[PDB]
Amino acid sequence: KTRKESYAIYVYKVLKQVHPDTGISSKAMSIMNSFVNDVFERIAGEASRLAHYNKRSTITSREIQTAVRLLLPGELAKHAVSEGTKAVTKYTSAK
Amino acid sequence: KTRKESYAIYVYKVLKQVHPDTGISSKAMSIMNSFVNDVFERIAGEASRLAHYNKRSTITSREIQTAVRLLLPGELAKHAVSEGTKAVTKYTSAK
Amino acid sequence: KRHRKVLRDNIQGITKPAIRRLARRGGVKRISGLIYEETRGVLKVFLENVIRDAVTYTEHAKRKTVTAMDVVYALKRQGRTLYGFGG
Amino acid sequence: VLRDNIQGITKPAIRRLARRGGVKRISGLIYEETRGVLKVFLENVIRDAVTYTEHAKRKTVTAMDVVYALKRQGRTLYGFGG
Amino acid sequence: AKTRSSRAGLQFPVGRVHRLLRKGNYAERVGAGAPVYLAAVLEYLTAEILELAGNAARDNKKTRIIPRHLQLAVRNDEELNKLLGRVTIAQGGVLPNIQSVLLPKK
Amino acid sequence: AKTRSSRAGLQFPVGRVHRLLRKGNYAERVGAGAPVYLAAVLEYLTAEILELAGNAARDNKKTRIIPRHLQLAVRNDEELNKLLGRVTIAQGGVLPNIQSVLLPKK
Amino acid sequence: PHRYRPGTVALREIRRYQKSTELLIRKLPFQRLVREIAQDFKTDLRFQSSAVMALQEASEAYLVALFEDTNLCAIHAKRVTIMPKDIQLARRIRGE
Amino acid sequence: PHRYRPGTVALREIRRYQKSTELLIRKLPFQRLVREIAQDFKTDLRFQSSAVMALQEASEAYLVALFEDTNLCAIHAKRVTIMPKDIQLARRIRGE
DNA sequence: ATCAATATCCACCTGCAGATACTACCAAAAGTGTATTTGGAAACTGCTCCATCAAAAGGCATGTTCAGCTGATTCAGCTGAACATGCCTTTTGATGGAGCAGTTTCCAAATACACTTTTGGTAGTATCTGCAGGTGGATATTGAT
DNA sequence: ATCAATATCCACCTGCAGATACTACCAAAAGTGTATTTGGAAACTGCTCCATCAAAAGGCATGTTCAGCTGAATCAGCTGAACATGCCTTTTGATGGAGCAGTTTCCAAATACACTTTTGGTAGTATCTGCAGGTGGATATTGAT
Ligand SMILES: O=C1c2cccc3cccc(c23)C(=O)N1C[C@@H]1CO1
Ligand SMILES: O=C1c2cccc3cccc(c23)C(=O)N1C[C@@H]1CO1
Ligand SMILES: [Mn+2]
C-alpha cells in the first residue's frame, strides 16, 4: 500500500511563515505540489544539459546556479541566486 | 588535436545508397549532422521519460519504439517502426 | 460484459450555450453563427492529439485504464502542462 | 558622422527581409518597430549564450553557446554544431 | 543528529531533494551543495507564490487559499506569469479583462 | 568478428549509438536491442531527407546537395515540415510563396 | 415588458464568467466525446474519472485562450464579431 | 523617360529574395549590434566568427517569419501595407 | 491595338573554392570472452475504483422579433514606391598575439557501504471551522421617454 | 432629467464537508561513520583563430514626384442577441466485479571487467571538378500611347 510522497508539509510550513492565519485547500496544495515538481524538473533539466555540454559528470551547486539564471526571469532569478548561495554558505559553515 | 566525432560518413554512405551520383557540401553535411543529433536527443529524451514514468531501470527497444510513435508524424512514424523492427530481427537472427 | 452501446456524434453535445460561455470567459462580446462548428472542429483536433498521446502511455504501461498521469504526461508533451492532477 | 548601432540595421536591409517574407507594401513606421523587436530577440538570445560562456569560464562566446541558447529559446538552429 | 535542512536553515527537505536528483538520472555524480542550493530556490519560489496568493485570498474576504488565488497571483505578477506562461492551473479561471472597443457608449 | 551495424544490416553505427546512450544519463541500464532500433530509425530518416533533397538537387540542375536543397525538401513535405516545424536550417531561405491578393489585376 | 439592448447581457456574461472558475461544458456530454475519440484509437479502455477531468480542464483552458486570441483578431479587423477567419488566423500565427 | 508602377518592383524583389538564401543585412553593422548588446551582460568579450554567424542566421530566419505572420495580419485587416499593429498582434498571439 | 524600355532567359565559357582522394598511422572506441549482478515478467491474489445502474433537479432547443453590425460604395487626401543623384561605410585581405584547448598533477570531495536513528506517510477514529448557498431586503444599472 | 423594471449588492444565517487534530505505528527513509576511488581545479603552454588595421570595393542616404492605398463617411440588408416558452438529459448518490497494483520468485539479460582488433578521425598532401559568375543575343513583361 505504497507511500505517495509530496511536498505538502513543507509547503504548509512556508505557508505559516508568510501568512500565519491563512490556510490552503487541497486542490490548491495539489497545484503547489505540481509547481514544485515542475520547477525541480526544469532546474535539474537545465543542470543536466549544462554538465553534459561541459563534459562534467557532476552536478554541483554551481551547475544549479546557472540553471536558475537560465530558467527564471530577472528578479526571481537574482533573488533565488542569493537565497541558494546563502544556504550553501550556511551549510558549509555548519561542518 | 582531440577528435571531433560526427555522423558525417554514415550520412555519406546513405547518400550514395539513395543517390549515388549526388554529392553534398560541408554546410549541407553539417545540417544533416545537427538533424541526426537532434532527433537522437528527442527520441532518447522521450524514451528516458517513458522508462521513469513506469519506474524501470532500462531503456529497451520497446521504449525507443513508443518514443518514436510519440515524436514522429503518422507516415514517418510507421516506417521508422518497420525499419526498426527489421534491424532488431536481423540482429537477433544472427550469430 | 454484454453490449457496449455505440458512441457516435458526441461532438454535438458541445452545445451552442457551452461554446458561448467559453467565448464569454475569453471576453468575446459577439459571435458569428459559424463559430460553433469551427470550434467543435478545433476542439476535436485538440482532443485527438491529447488522447492519442495519453493512450500511447497507457498501452506502454500495459494497462486498460487511461490515468490522469497518462493525460498529464500527454499534456506536457504538447506544451500544455497542467497543474492540479498529480502533474 | 556618428551613429547608433541599432540604426546600422538599415531601412534597405529591413525592406529586403520583409521581401523574403512576401511583404509588398511597408508603412514608414515598420523600420523602428523592427529594430525594436530585433533588439529584444538579440537580448534574449545573447543573455543566454553568454550565461553559457561564463559557466565555461571563457572570455569568448562560441557558436555552441549560441546554438544552445537558440535551443532553449525554442529556436533550434541547424548548421553550427551540436 | 541534525538535518542538512536545519544545517542550511531551510524548511524544505535537503535529504529528499538530494535523493530525487540521484533517481532522476541527471548526471553520474551529484555534489553535496547542489540539493542544498536547489531546495533553497524551491523554497524561495513557493514562498513568493504563497505571499501573493495569500493577498488574493485576503482581497476576496477569504481565509483559505484556493486555486483561483494562485491564478490571481501568478497572472498578476509579470515574472511569475512568464515562469508559468505555458502552464495551466486547473480551476483558476482568467483575469477579468474586457477589451476597450467592446464597452458601450463613448 | 563482425560489427553490430553489419549484423543489423545498417550503415549507421550501432556501436556509437549505444555508447552515446550510456553516456547520456537517459537510464541506468540500456538493453542490447535499443541502440539497434534507434540507429535504424536514424538511418531511415536520414535516407528520406537525403532522398528528397536529392530530388530537389535534380530539379534545380544540380548534382551536389546544399542547404537550400534541404530546406525545399523539408518545407515541401507536410511531415518532415511538422517534425522540423521549430527548426531553422541555416542558409536555407524560404519557399517561393506570394499571397494572392498581392497580385496585380490581370 | 423591459428589454436589454443587444450587447448588454453579453457584457453581463463576460463579467460573470471572467469572475468564476467552474467548467462550462456539461460533464457527461464531454465525457462521451472523450470516450468516443478514445475508442477510435483503441477498444476496451477505461478512464480514471480524474483523467476525464484533467482533459476537460485543459480543453476549456485551451479554448478560452483561443477565444482571447480570436477576439483580438476580430478587433484587428475593426469588427466586434468573431468569425471562423479570426480563429484560423489565430491558429496560423500560433503555428497550429 | 520610362517608369515602373508602384508595387511592380516590390513583387520583383519578392521573387528575387524568395529565390536566394543570402543574409540580407550587412555583416559588420550586425557584428557591432551583437557586440554592443553583449557588453551589457559581460565585458571584454570576444566572439567566434561562426557564433556571430549563428546569431545572424537565427535572427534573419526569425525576422523573415515574423514578416510572414505580420503580412497575414495586414491582409486580415483588409490592407496590403504592413504596420506596427500587425507586428504587435503577431507577437502577442505568438506569446512574445 | 504598336512601340520601346527594360527585365529575364538560355547556352555556353571557365577558374578555383570546395570537395574528393589517400595513407601514414595511430589512439581510442568497438568487439569478444567469463565472471557476477540484478531487473523485471509470471504467477498469485488483496482490494480500490471503475462502470453501471435508478431518481430528481436543472439548462437546452426553438421561434419570434428587431437593434445595430458588417461590408459595400464612394472618394479625397497623405503616404509610401520608384528612381534620379553622387557619396562614405563595409568588405576583403594580411599578421602579431590572446586565449582556448591539450596535458599532468594530486587532493578534496565524491561513491561505496554497514549499522543506527529519525521522519512522513496513513490509517484509524477525532471534534473543529470556512464558506457555500440560502434568505430578504436595501441599492445600482439600464433603457423608455 | 424622470421613472421603473431588473440586476446587483451585501450583510446576516444554519449545514456541512472538507480541513485540521492525534494517537499509534513503521517502513523507509535519512543521518552517521570510516573505508577507497577519483573528478576536476589548478598550473603551465602550444598554436589556432580572433581583433585589428589597411586597400579596394560597392550600396545606402536624400530629395523629388505622384500613383494608388488607407480610412472616413454613408448606408441598407440582414445576421445575431434577447427572451418566452416547452420540456428532456444531466447530475448525483448507491452497490457488485474488473483490473491494477502489491507482493515474491528467479532466470534471462545486463553489467563489469579485461584483453584483442579495428575504424574512423586527422592531416599531410596531393588531386580533381561543379558550378558561379561571367559572356551575348534572343524573347518576354511591362507600360506608355
Ligand atoms: O423546472 C425545471 C424543469 C422542468 C421540466 C423539464 C426541465 C428540463 C430541463 C431543465 C429544467 C426543467 C430546469 O432547469 N428546471 C428549473 C428548476 C428550478 O430548478
Ligand atoms: O563609386 C562608389 C562610391 C564612391 C564614393 C562613395 C561611395 C559610398 C558608398 C558606396 C559607393 C561609393 C559605391 O558603391 N560606389 C560604386 C563603385 C563602382 O564600384
Ligand atoms: Mn467510433
# chains A, B, ... in the order shown; residues from 1 in each chain; ligands from 1
>>> residues_near_ligand(ligand="ligand 3", cutoff="7 Å", atoms="only C-alpha atoms (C1' of nucleotides) and all ligand atoms", output="PyMOL selection string")
(chain C and resi 7-8) or (chain G and resi 36-37+39-40)
>>> residues_around(residues="segment 6-10 of chain D", least_positions_apart="5", cutoff="12 Å", atoms="only C-alpha atoms (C1' of nucleotides)", output="number ranges by chain")
D: 15-17, 30-40, 42; H: 24-37, 56, 60; I: 89-90; J: 59-61
>>> residues_near_ligand(ligand="ligand 1", cutoff="7 Å", atoms="only C-alpha atoms (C1' of nucleotides) and all ligand atoms", output="JSON, numbers by chain")
{"I": [57, 58, 59, 60], "J": [87, 88]}
>>> closest_residue(among="B:32, B:71, B:18, B:8", to="chain C", atoms="only C-alpha atoms")
B:71
>>> residues_near_ligand(ligand="ligand 2", cutoff="6 Å", atoms="only C-alpha atoms (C1' of nucleotides) and all ligand atoms", output="PyMOL selection string")
(chain I and resi 87-88) or (chain J and resi 58-59)
>>> write_last_selection(atoms="N, CA, C and O atoms (P, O5', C5', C4', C3', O3' and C1' of nucleotides)", output="PDB file, in the first residue's frame")
ATOM      1  P    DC I  87      28.778  64.377 -53.647  1.00  0.00           P
ATOM      2  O5'  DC I  87      29.185  63.563 -52.324  1.00  0.00           O
ATOM      3  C5'  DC I  87      28.197  63.135 -51.374  1.00  0.00           C
ATOM      4  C4'  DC I  87      28.430  61.701 -50.925  1.00  0.00           C
ATOM      5  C3'  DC I  87      29.865  61.357 -50.521  1.00  0.00           C
ATOM      6  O3'  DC I  87      29.869  60.896 -49.181  1.00  0.00           O
ATOM      7  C1'  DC I  87      28.951  59.675 -51.904  1.00  0.00           C
ATOM      8  P    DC I  88      30.710  61.695 -48.080  1.00  0.00           P
ATOM      9  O5'  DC I  88      30.149  61.204 -46.660  1.00  0.00           O
ATOM     10  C5'  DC I  88      28.996  60.367 -46.564  1.00  0.00           C
ATOM     11  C4'  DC I  88      29.368  58.911 -46.306  1.00  0.00           C
ATOM     12  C3'  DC I  88      30.330  58.674 -45.137  1.00  0.00           C
ATOM     13  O3'  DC I  88      29.813  57.644 -44.293  1.00  0.00           O
ATOM     14  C1'  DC I  88      31.022  57.468 -47.007  1.00  0.00           C
TER      15       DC I  88
ATOM     16  P    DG J  58      32.547  44.861 -55.953  1.00  0.00           P
ATOM     17  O5'  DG J  58      31.113  44.986 -55.235  1.00  0.00           O
ATOM     18  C5'  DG J  58      30.975  45.218 -53.827  1.00  0.00           C
ATOM     19  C4'  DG J  58      30.142  46.453 -53.496  1.00  0.00           C
ATOM     20  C3'  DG J  58      29.202  47.013 -54.571  1.00  0.00           C
ATOM     21  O3'  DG J  58      27.899  47.275 -54.035  1.00  0.00           O
ATOM     22  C1'  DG J  58      30.461  48.738 -53.584  1.00  0.00           C
ATOM     23  P    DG J  59      26.700  46.208 -54.008  1.00  0.00           P
ATOM     24  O5'  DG J  59      25.787  46.791 -52.842  1.00  0.00           O
ATOM     25  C5'  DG J  59      26.273  46.810 -51.504  1.00  0.00           C
ATOM     26  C4'  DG J  59      25.798  48.084 -50.839  1.00  0.00           C
ATOM     27  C3'  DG J  59      24.280  48.284 -50.853  1.00  0.00           C
ATOM     28  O3'  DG J  59      23.846  48.859 -49.625  1.00  0.00           O
ATOM     29  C1'  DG J  59      25.319  50.115 -51.858  1.00  0.00           C
TER      30       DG J  59
END
>>> calpha_fit_rmsd(fixed="chain F", moving="chain E")
0.5 Å
>>> interface_residues(of="chain A", to="chain E", cutoff="8 Å", atoms="only C-alpha atoms", output="PyMOL selection string")
chain A and resi 10-11+13-15+18-19+21-25+27-28+31-32+36+39-40+44-45+47-48+51+57-65+71-76+80-81+83-85+87-91+94
>>> write_last_selection(atoms="C-alpha atoms", output="compact mmCIF listing (two decimals), in the first residue's frame")
# COMPACT_ATOMS: atom_id res chain seq x y z
CA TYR A 10 6.99 21.82 3.57
CA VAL A 11 4.65 23.99 1.55
CA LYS A 13 5.37 25.28 6.87
CA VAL A 14 6.40 28.05 4.49
CA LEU A 15 2.74 28.99 4.24
CA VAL A 18 4.24 34.16 5.40
CA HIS A 19 0.56 34.14 6.22
CA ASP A 21 -3.77 32.69 9.72
CA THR A 22 -4.33 31.68 6.06
CA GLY A 23 -4.99 28.07 5.08
CA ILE A 24 -4.86 26.18 1.77
CA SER A 25 -7.44 23.92 0.08
CA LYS A 27 -6.67 21.39 -4.72
CA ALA A 28 -4.55 24.49 -4.12
CA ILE A 31 -1.19 22.76 -7.67
CA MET A 32 1.52 23.85 -5.22
CA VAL A 36 7.46 22.42 -7.03
CA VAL A 39 10.44 23.76 -11.31
CA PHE A 40 12.55 20.94 -9.83
CA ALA A 44 17.53 19.73 -12.88
CA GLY A 45 16.88 19.56 -16.65
CA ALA A 47 21.50 21.38 -14.87
CA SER A 48 21.78 18.06 -16.62
CA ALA A 51 27.02 19.43 -17.13
CA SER A 57 29.87 14.35 -14.90
CA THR A 58 28.94 16.05 -11.58
CA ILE A 59 26.02 18.39 -10.86
CA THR A 60 27.36 20.87 -8.32
CA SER A 61 25.74 23.88 -6.69
CA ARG A 62 27.46 25.86 -9.43
CA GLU A 63 25.52 23.96 -12.12
CA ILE A 64 22.20 24.51 -10.31
CA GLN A 65 23.06 28.21 -10.14
CA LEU A 71 15.39 29.45 -16.36
CA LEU A 72 13.93 32.24 -14.17
CA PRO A 73 13.35 35.82 -15.27
CA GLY A 74 15.09 38.92 -13.94
CA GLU A 75 14.27 39.45 -10.31
CA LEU A 76 13.11 35.96 -9.40
CA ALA A 80 16.80 32.91 -5.99
CA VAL A 81 20.56 33.13 -6.63
CA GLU A 83 18.83 32.50 -1.29
CA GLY A 84 20.67 29.45 -2.66
CA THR A 85 24.16 30.91 -2.28
CA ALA A 87 22.14 28.28 2.13
CA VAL A 88 25.25 26.74 0.62
CA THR A 89 27.48 29.02 2.70
CA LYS A 90 25.42 28.28 5.81
CA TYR A 91 25.61 24.54 5.04
CA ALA A 94 27.89 24.15 9.61
>>> residues_around(residues="residue 102 of chain E", least_positions_apart="5", cutoff="9 Å", atoms="only C-alpha atoms (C1' of nucleotides)", output="list in words")
residues 28 and 29 of chain C; 7, 11 and 80 of chain G
>>> closest_atom_pairs(of="chain D", to="chain B", cutoff="10 Å", atoms="only C-alpha atoms", output="tab-separated table")
residue	atom	partner	partner_atom	distance
D:76	CA	B:38	CA	9.1
D:77	CA	B:34	CA	8.3
D:78	CA	B:31	CA	5.1
D:79	CA	B:31	CA	4.6
D:80	CA	B:30	CA	7.1
D:81	CA	B:34	CA	6.4
D:82	CA	B:34	CA	6.1
>>> select_by_dssp(residues="chain A", states="strand (DSSP E)", output="count of residues only")
4
>>> interface_residues(of="chain C", to="chain B", cutoff="8 Å", atoms="only C-alpha atoms", output="list in words")
residues 53, 56, 57, 60 and 61 of chain C
>>> interface_residues(of="chain E", to="chain J", cutoff="8 Å", atoms="only C-alpha atoms (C1' of nucleotides)", output="PyMOL selection string")
chain E and resi 1-3+15
>>> residues_around(residues="residue 64 of chain H", least_positions_apart="4", cutoff="9 Å", atoms="only C-alpha atoms (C1' of nucleotides)", output="MDAnalysis selection string")
(chainID D and resid 17:22) or (chainID F and resid 94) or (chainID H and resid 59:60 68)
>>> write_last_selection(atoms="C-alpha atoms", output="PDB file, in the first residue's frame")
ATOM      1  CA  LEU D  17      13.857  40.957 -45.024  1.00  0.00           C
ATOM      2  CA  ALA D  18      10.209  41.872 -45.438  1.00  0.00           C
ATOM      3  CA  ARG D  19      10.529  40.903 -49.097  1.00  0.00           C
ATOM      4  CA  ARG D  20      11.691  37.394 -48.318  1.00  0.00           C
ATOM      5  CA  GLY D  21       8.592  37.399 -46.081  1.00  0.00           C
ATOM      6  CA  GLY D  22       6.461  38.270 -49.112  1.00  0.00           C
TER       7      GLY D  22
ATOM      8  CA  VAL F  94      12.127  30.254 -47.725  1.00  0.00           C
TER       9      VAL F  94
ATOM     10  CA  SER H  59      17.821  36.431 -36.329  1.00  0.00           C
ATOM     11  CA  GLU H  60      17.031  36.731 -40.014  1.00  0.00           C
ATOM     12  CA  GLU H  68       5.058  36.422 -42.868  1.00  0.00           C
TER      13      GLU H  68
END
>>> interface_residues(of="chain A", to="chain I", cutoff="8 Å", atoms="only C-alpha atoms (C1' of nucleotides)", output="list in words")
residues 3, 4 and 5 of chain A
>>> atom_distance(atom1="atom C1' of residue 35 of chain I", atom2="atom CA of residue 93 of chain B")
26.2 Å
>>> decode(residues="chain B", atoms="C-alpha atoms", output="CSV table (one decimal), in the first residue's frame")
chain,number,residue,atom,x,y,z
B,1,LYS,CA,44.2,17.6,-31.8
B,2,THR,CA,41.3,16.0,-29.9
B,3,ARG,CA,38.9,14.0,-32.1
B,4,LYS,CA,35.7,15.6,-33.5
B,5,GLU,CA,33.2,12.8,-34.0
B,6,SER,CA,30.3,13.2,-36.4
B,7,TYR,CA,27.7,11.2,-38.2
B,8,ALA,CA,29.1,12.6,-41.5
B,9,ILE,CA,30.5,9.3,-43.1
B,10,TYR,CA,27.3,7.3,-42.3
B,11,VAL,CA,25.3,10.1,-43.8
B,12,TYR,CA,27.6,9.9,-46.9
B,13,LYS,CA,27.2,6.1,-47.1
B,14,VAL,CA,23.4,6.6,-47.0
B,15,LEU,CA,23.5,9.4,-49.6
B,16,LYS,CA,25.1,7.1,-52.2
B,17,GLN,CA,22.7,4.2,-51.4
B,18,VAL,CA,19.9,6.6,-52.5
B,19,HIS,CA,21.6,9.0,-54.9
B,20,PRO,CA,25.0,7.5,-55.9
B,21,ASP,CA,25.6,10.3,-58.4
B,22,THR,CA,24.6,13.0,-55.9
B,23,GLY,CA,27.1,14.9,-53.7
B,24,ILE,CA,26.8,17.1,-50.6
B,25,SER,CA,28.5,20.3,-49.4
B,26,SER,CA,30.0,20.9,-46.0
B,27,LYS,CA,27.3,23.1,-44.8
B,28,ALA,CA,24.7,20.6,-46.1
B,29,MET,CA,26.6,17.9,-44.3
B,30,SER,CA,26.7,19.9,-41.1
B,31,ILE,CA,22.9,20.3,-41.2
B,32,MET,CA,22.4,16.6,-41.6
B,33,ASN,CA,24.7,16.3,-38.5
B,34,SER,CA,22.5,18.6,-36.5
B,35,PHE,CA,19.5,16.7,-37.7
B,36,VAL,CA,20.8,13.4,-36.6
B,37,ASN,CA,21.9,14.7,-33.2
B,38,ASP,CA,18.6,16.5,-32.6
B,39,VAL,CA,16.4,13.5,-33.5
B,40,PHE,CA,18.8,11.4,-31.4
B,41,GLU,CA,18.2,13.6,-28.3
B,42,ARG,CA,14.4,13.9,-28.9
B,43,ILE,CA,13.9,10.2,-29.2
B,44,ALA,CA,16.3,9.4,-26.3
B,45,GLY,CA,14.7,12.1,-24.3
B,46,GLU,CA,11.2,10.6,-24.6
B,47,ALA,CA,12.4,7.1,-24.1
B,48,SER,CA,14.2,8.2,-20.9
B,49,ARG,CA,10.9,9.8,-19.7
B,50,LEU,CA,8.8,6.7,-20.5
B,51,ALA,CA,11.2,4.5,-18.5
B,52,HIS,CA,11.0,6.7,-15.4
B,53,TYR,CA,7.2,7.1,-15.6
B,54,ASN,CA,6.9,3.3,-15.4
B,55,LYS,CA,9.7,3.1,-12.8
B,56,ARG,CA,12.0,0.9,-14.8
B,57,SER,CA,15.8,0.8,-14.9
B,58,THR,CA,16.2,0.1,-18.7
B,59,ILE,CA,15.7,1.9,-22.0
B,60,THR,CA,14.7,-1.1,-24.2
B,61,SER,CA,13.6,-1.2,-27.8
B,62,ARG,CA,10.1,-1.1,-26.5
B,63,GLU,CA,10.8,2.3,-25.1
B,64,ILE,CA,12.5,3.6,-28.2
B,65,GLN,CA,9.5,2.4,-30.3
B,66,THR,CA,6.9,4.2,-28.2
B,67,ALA,CA,9.2,7.2,-28.2
B,68,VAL,CA,9.3,7.1,-32.0
B,69,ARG,CA,5.5,6.8,-32.1
B,70,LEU,CA,5.1,9.9,-29.8
B,71,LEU,CA,7.5,12.1,-31.7
B,72,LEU,CA,7.1,11.2,-35.4
B,73,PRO,CA,4.2,12.2,-37.7
B,74,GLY,CA,1.9,9.3,-38.9
B,75,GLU,CA,3.6,8.0,-42.0
B,76,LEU,CA,7.1,8.8,-40.8
B,77,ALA,CA,6.4,7.0,-37.6
B,78,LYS,CA,5.0,4.0,-39.3
B,79,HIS,CA,8.1,3.4,-41.5
B,80,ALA,CA,10.6,4.1,-38.7
B,81,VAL,CA,8.8,1.5,-36.7
B,82,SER,CA,9.0,-1.0,-39.5
B,83,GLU,CA,12.7,-0.1,-40.2
B,84,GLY,CA,13.5,-0.5,-36.5
B,85,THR,CA,11.7,-3.9,-36.0
B,86,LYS,CA,13.6,-5.1,-39.1
B,87,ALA,CA,17.0,-4.2,-37.8
B,88,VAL,CA,16.4,-6.0,-34.4
B,89,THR,CA,15.0,-9.1,-36.1
B,90,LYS,CA,18.1,-9.1,-38.5
B,91,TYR,CA,20.2,-8.7,-35.4
B,92,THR,CA,18.7,-11.5,-33.2
B,93,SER,CA,18.5,-13.9,-36.1
B,94,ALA,CA,22.4,-13.8,-36.5
B,95,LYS,CA,25.2,-15.4,-34.5
